[PDB]
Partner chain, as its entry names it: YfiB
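There is one chain below, alone, in structure tokens, taken in the form solved without the partner chain.
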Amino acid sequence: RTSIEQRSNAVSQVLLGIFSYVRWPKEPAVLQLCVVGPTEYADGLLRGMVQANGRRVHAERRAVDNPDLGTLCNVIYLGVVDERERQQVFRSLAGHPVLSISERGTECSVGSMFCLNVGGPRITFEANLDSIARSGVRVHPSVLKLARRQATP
């Protein structure tokens, strides 16, 4: 199988891959990533990242109940939350141009744009068209080339 350290650094790479199919209407100088809820694989994310075009991705944790997530965060990496916590977060986001990714696949039904599946030999992910449409950001459909090619043994 695959160690926690192995998967962490993979997740950060898959996320860099997703970020590249996403456009914000008002592109920031520093992309702000916010890790919300308990997470297993965001340890690599939280070191900061760098996009291929040179833009820095600043990452930090925020409280679920933070009323201004959607404002403080450009991208949001969602960890293990409960029904109440989730509704909080996705209400905090509603209206704003924000990309949401989840560490576990269960959250796609309930508000997340991309959901990861870190188990297995590779990291695959899934998307939700409803959540993406209402997101406020633009996503090129080629982003699934990455989800399909990661699922291909």
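Residue numbers count along the first chain shown, from 1.
The next section is about a form of this same protein that is not shown, the form deposited with the partner chain bound.
For a quick test of understanding: in the entry with it bound, does each of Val110, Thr124 and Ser142 have a heavy atom within 4.5 Å of the partner chain?
Verified in the entry with it bound; spot residues all in contact, yes.
Going by a heavy atom distance of 4.5 Å, is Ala52 a contact of the partner chain in the entry with it bound?
Output for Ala52 is yes: heavy atoms within 4.5 Å of the partner chain.
Can you tell me whether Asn9 touches the partner chain? I mean in the entry with it bound, with a 4.5 angstroms heavy atom cut-off.
Taking the distances in the entry with it bound, the answer for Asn9 is no, it never comes within 4.5 Å of the partner chain.
Since only the chain is shown here, I'm wondering whether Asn128 would be in contact with the partner chain in the entry with it bound (any heavy atom pair within 4.5 Å).
Contact check for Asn128: yes, within 4.5 Å of the partner chain in the entry with it bound.
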